[PDB]
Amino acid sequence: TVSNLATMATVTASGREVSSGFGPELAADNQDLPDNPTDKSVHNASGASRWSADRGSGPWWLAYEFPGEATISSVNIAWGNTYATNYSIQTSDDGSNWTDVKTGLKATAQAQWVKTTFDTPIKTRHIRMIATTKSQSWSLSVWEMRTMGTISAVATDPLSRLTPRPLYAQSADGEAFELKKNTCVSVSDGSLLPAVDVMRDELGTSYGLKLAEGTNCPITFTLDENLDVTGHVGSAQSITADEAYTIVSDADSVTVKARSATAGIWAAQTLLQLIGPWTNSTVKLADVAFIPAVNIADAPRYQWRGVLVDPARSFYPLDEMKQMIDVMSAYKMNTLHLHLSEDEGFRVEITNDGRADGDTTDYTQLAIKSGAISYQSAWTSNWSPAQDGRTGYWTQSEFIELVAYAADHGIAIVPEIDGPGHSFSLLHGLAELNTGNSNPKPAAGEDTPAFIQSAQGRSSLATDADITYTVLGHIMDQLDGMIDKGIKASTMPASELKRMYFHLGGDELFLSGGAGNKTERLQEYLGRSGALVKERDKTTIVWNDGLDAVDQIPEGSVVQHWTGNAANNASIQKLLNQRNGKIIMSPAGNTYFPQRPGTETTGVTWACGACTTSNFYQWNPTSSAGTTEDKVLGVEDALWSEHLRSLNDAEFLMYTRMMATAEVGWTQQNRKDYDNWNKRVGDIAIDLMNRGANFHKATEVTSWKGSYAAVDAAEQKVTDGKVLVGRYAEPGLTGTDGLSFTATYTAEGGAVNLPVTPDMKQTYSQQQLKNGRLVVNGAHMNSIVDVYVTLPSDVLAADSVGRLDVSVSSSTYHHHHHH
């Protein structure tokens, strides 16, 4: 049973002919046409039951906001004496962003019903008719827009933005908490100050909040090592309780409980998602920030939620690593796996401080010599950039700073020094490692092997030589010392942030050829190296193609799975079932960022053809591992850098797929829904535009949206009458001509027109090729649009008193703002 829901709708329109009658609400009054509806005395009787639109060039639109989710079967429009010769019907969840549901619609006569049927009824809070052309110069005329269906009186979900989707989240009673400039925060413990710092780092700029630590503040964080959310853990669910938090908020208070300092940062990240996708605004906004009234209880499914970054192929400066850490933290990733060494580079300084007794190795050569090499474009015959990998390395100071910044965002460092293959940078850097069964050998009269194409994929450390293990042990000791110093600088607890794991690699030894004995080499090397990790009170990690040494690595070692089917891999099952091992899941087709994210893009094709947000989301790491939940540590994305030369190009591949892995890492298997995640991507993107982070504008994402935010003009420079009053963020804009801006000013008493200048520094571009090779930074997002107005002299010269109105319209967006 359907009804005309027009009669319960809140009705808006592009405009109206006259202020006094023919209002848009007269399309929504469920009245049959009067007798003789085309007669002018009937169509133009002052009380005629019809909308008469604004004039001008259009488009002209009529929008219904339902008090609930409407399930709409059909729209039947009774057109008046001026009818739409071309129109569409669009839907909106938010009332501002519109999506086509029926296009190519036409009326063909006066006083004509045009019925548009949805064979599958559509569920929507908003619907509108938008018309581009009409039958006469007169105002478009609508007697009736009947929207036939049923309605469910469900309120908007103030928690709909959250990613990852929490364990438990429900709206609470009453108004939102309004954040004020001097709103203070109380913590139970100093280790929670980093969580408040994360909030202040965004909100200080975007909303001018001090968020000072105070006493008896209305926002509190409490560390409770016994926090229990198991009430919300169902028999088919599984959590890591150490990262549990709760939030309980109302109009007067925001109360956070955290099981760990790390969980306090997760709580802060949740609060920043609730405040909305403008918290990283580089400019003070005019709107106040609100935390809606909520009850949240949250913890992750998996304890290990990571990103591998490979600076070894192409270096990433410290400031770029910080921008990665910011977004990793924003999605509750807790692990930064650094692939520090490769055939093509070594990216951290190792000193001669604290060497073992008898060790006179000169470690300073390693960064000096092997920092200076990188992936060679000339050794590629493909679409890889013409530019070689970036060279360089983090100094110990910068590496300690990297550790501290990661820790202050809830992220631990997991170092990898790959061997015995993928190790040419070590041989190239340290004369002393060129001994025993190492490969390749230095040319006659040389103390280190030449960085030439024939070395690549043919490297082996000397698995038979004591110096190999001396060197590895020193590098482990140096990394540990730097990690300890960075955690100390962060103030986060070492018990939380010092990840007692070391990644030995073990992958693809002699992939391109080399000296043979592949298996006997893995077994000797990973046996002795594993013993180094164990004696340092750590758990060994190896890639799955190093489990040739499953029996020689320590009991309880971890496999990082990337290649083939883990569930059928005998050596993985042996580790997990016979050697109390655990698994980190990085199957290439679900987690490898170089795998091209769309069929329109240029990139690696082998794992999926294109591994999209669907491939990154729609998998279950435990069933992919073919093991039990208890044996799965979690997941890591991989950013391999053979082809990456910039943070912009890395972020193209990382985002938004990384936010799918974040949900796989955190969200319960039975709470995952790819369509629900997909709907959340639009605001994920508005926040990335505010951060200045790049992202692939994937075709399978269907929530790309615009968002208008008013700017606090009091903090903006006026130049020759021109001042920034608004920003408009929409991924994919190639220019501003699709957008119509209008602004008016009213001093109390007075509305005058302000001419608007929209200004977008950069346009959207997909990847660019030159001579068959990707151009570095070819794919880049458009800028947020700056919305300037030019003030008249009387307004320019007035003191501080008035109301600014700004309206933005496109075929897919409409918003009117006032302050």
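Residue positions are given as counts along the sequence shown, with the first one as 1.
> Residues without coordinates, deposited sequence, stretch from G750 to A751: is the count none, 1 to 3, 4 to 9, or 10 or more?
Gap between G750 and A751: 1 to 3 residues without coordinates.
> Between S800 and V801, what class does the number of missing deposited residues fall in: none, 1 to 3, 4 to 9, or 10 or more?
Count of unmodelled residues in between: 1 to 3.
> Which has the higher mean CA temperature factor in the PDB entry, 732 to 740 or 328 to 336?
According to the PDB entry, the answer is 732 to 740.
> Can you tell me whether 786 to 794 has a higher mean C-alpha B factor than 765 to 773 in this record, or the other way round?
So the stretch with the higher mean C-alpha B-factor is 786 to 794.
> In the PDB entry, which of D537, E398, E342, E416 has its C-alpha at the highest B-factor?
The listed residue with the largest C-alpha B-factor is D537.
> Tell me, please, which of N182, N648, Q323, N280 has the highest C-alpha B factor according to the deposited entry?
By C-alpha B-factor in the record, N182 ranks first.
> Rank-wise, by C-alpha B-factor, drop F177 into the lowest, middle or highest third of its chain.
Answer is highest: the recorded C-alpha B-factor places it there.
> Can you tell me which third, lowest, middle or highest, the CA B-factor of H409 falls into for its chain?
Answer is lowest: the recorded C-alpha B-factor places it there.
> Among all modelled residues of this chain, ranked by Cα B factor, put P554 in the bottom, middle or top third, i.e. lowest, middle or highest.
Tercile = highest for this residue's CA B-factor.
> Ranked by Cα temperature factor within the chain, is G56 in the lowest third, the middle third or the highest third?
Highest third - that is where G56 ends up once the chain's C-alpha B-factors are sorted.
> By the record's CA B-factor, is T602 among the lowest, middle or highest third of residues in the chain?
Ranked within chain, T602 CA B lands in the middle tercile.
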